[PDB]
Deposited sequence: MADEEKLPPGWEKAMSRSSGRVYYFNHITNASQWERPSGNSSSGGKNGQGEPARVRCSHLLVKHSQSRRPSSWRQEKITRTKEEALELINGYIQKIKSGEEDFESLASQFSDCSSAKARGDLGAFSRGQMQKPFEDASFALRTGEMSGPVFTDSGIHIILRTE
């Protein structure tokens, strides 16, 4: 029935069914639709004090907690989903990855190159789809599959 990683769940505040993906952490009301050697993705990274390197082009010393980083990620996802801001604009302004300068674009990659939670989420996304918060040793990511 449902494509890889997708499950049905129950809204606590409304009672309506929704869909959640335990590989990408995406969630949506709509029933999802449904592997290539390579995918292309953009991402927005928010680092935290336990990141493998807690420093970035934005801040010499990253001191925010992982919980604070998750709140920031959740807020960016809200703004992207409402259309108030674009993914590319938020990545350019706020991603702690040097790829911020390229609107978050990482280029194309195969399995075996990225950190595993990032790789698994990227390959479970369909072209055009966006992840929820994805956790790695670098921090917390929002991933957009572009090809």
item	value
Deposited residues absent from the coordinates (by C-alpha)	1-5, 40-50
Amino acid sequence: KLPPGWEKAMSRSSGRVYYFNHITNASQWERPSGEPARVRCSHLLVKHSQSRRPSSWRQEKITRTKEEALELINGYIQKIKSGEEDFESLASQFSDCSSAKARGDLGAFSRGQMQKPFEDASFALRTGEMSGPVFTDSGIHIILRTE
From here on, numbers count along this sequence of modelled residues.
| query | finding |
| --- | --- |
| Selected stretch [higher average CA B-factor]: 78-86 or 55-63 | 55-63 |
| Mean C-alpha B-factor comparison - 35-43 and 93-101, higher one | 35-43 |
| Member of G128, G15, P133, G139 with the greatest C-alpha B factor (per the PDB record) | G15 |
| CA B-factor ranking of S11, expressed as a third of its chain | highest |
| Cα B factor band for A121 (lowest, middle or highest third within the chain) | lowest |
| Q28 - which third its CA temperature factor falls in, relative to the rest of the chain | lowest |
| Third of chain Cα B-factors occupied by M114 | highest |
